[PDB]
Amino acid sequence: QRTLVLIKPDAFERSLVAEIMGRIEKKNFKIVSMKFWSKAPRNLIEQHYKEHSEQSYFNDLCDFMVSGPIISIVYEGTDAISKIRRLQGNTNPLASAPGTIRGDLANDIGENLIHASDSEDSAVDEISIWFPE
């Protein structure tokens, strides 16, 4: 499987980019594609998060995602989608488990360091958004 991961602007701000990538790297997942964005276009962000367009946090979320750089990465591995989701940790700081990326490093439900596709369907979708080629 291939999954789409984003390193979010807060990781750059907090100098955690290598930390997060290294956790996935140490689990033996392989980078298939990678793009550095000094600032992602808002439209890309809005597409990526289209399922959230009616949520009260939608605009703050979009602002945050264009507030700094992003790295988009396609990772490949057996069951990569579910596995990276478990490494990522829960969105909520009251739930993300110590040992996960978010459990160890993130303290906010919004600024939470990392995106990972949550299903095969959304992976295909998100990979096409960030890597249309």
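Residue positions are given as counts along the sequence shown, with the first one as 1.
S.K.: If you average the CA temperature factors over each stretch, which comes out higher, 52-60 or 99-107?
M.R.: The recorded data point to 52-60.
S.K.: Please compare 70-78 with 36-44 and name the stretch with the higher mean C-alpha B-factor in the deposited structure.
M.R.: Per the PDB entry, the higher value belongs to 36-44.
S.K.: Go through 25, 120, 19, 10 one by one and give the residue whose Cα B-factor in the PDB entry is largest.
M.R.: Answer, based on the entry's C-alpha B-factors: 120.
S.K.: What third of its chain's C-alpha B-factors does residue 87 belong to: lowest, middle or highest?
M.R.: CA B-factor rank for residue 87: lowest third.
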